[PDB]
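Numbering (full-length UniProt numbering), first residue to last: 2 to 107. Using N, Cα and C, we set each Cβ at its ideal position, and we do this for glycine too. Worksheet: the structure to be examined is printed underneath.
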Amino acid sequence: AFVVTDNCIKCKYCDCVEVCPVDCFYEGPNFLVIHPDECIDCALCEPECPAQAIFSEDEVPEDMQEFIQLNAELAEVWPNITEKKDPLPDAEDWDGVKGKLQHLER
Ligand code: SF4
Ligand code: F3S
Numbered sequence: 002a003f004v005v006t007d008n009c010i011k012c013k014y015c016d017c018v019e020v021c022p023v024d025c026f027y028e029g030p031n032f033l034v035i036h037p038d039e040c041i042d043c044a045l046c047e048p049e050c051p052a053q054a055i056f057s058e059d060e061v062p063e064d065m066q067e068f069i070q071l072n073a074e075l076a077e078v079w080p081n082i083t084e085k086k087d088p089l090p091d092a093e094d095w096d097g098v099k100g101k102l103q104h105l106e107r
């Protein structure tokens with residue numbers, strides 16, 4: 002499974018959803034998650050993310066291990082997003098800011 006991590010929060014560019022062959026992205030107000038069960042590990046999404054927030058499960062940084070389980074949980078409660086939409090307004094101001102998990106909205 003591929004995992005979306007911290008830098009997506011408050012950025013949510015949505016370029017990743019365009020490339021997914023199986024539509025396994027689920028949408029929150031200010032973040033996206035990959036459903037671990039439906040992802041076929043094609044790796045097509047991670048060159049696409051401008052925030053470089055997507056990682057293969059086995060490459061997730063040590064300080065971001067929480068995200069693996071977070072993506073699995075939130076994928077069960079959020080709606081499926083199959084079409085790209087515009088980035089959040091101030092997306093590039095928040096891109097690269099660290100510790101944005103304190104700003105995650107359910
Ligand atoms: S690795 Fe492939 S199947 Fe998994 S979320 Fe990314 S584009 Fe979709
Ligand atoms: S910022 Fe998030 S919405 Fe997709 S394009 Fe990157 S994982």
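**Prompt:** Under 7 Å from any heavy atom of the ligand SF4, does the C-beta of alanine 52 make it?
**Reply:** no
**Prompt:** Can we say the stretch 59-66 touches the stretch 90-98, given the rule of at least three CB pairs closer than 8 Å?
**Reply:** no
**Item:** Nearest-angstrom Cα separation, counted from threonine 6 out to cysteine 15
**Value:** 14 Å
**Asked** When every heavy atom of the ligand SF4 is checked, does at least one fall within less than 7 Å of the C-beta of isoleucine 35?
**Response** yes
**Request:** Check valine 23 in the structure and name its three-state DSSP category.
**Result:** coil
**Message:** Would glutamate 84 and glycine 29 be called neighbours here (beta carbons separated by less than 8 Å)?
**Reply:** no
**Asked** Can you tell me whether DSSP reads residue 1 as helix, strand or coil?
**Response** One cannot answer for residue 1 here, as it falls past the ends of the chain, which runs 2 to 107.
**Prompt:** Of all the options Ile41, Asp64, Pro37 and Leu33, which has the alpha carbon lying nearest to the alpha carbon of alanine 52?
**Reply:** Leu33
**Request:** Compare the C-alpha of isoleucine 41 against each of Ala76, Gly97, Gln103 and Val23 and name the closest.
**Result:** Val23
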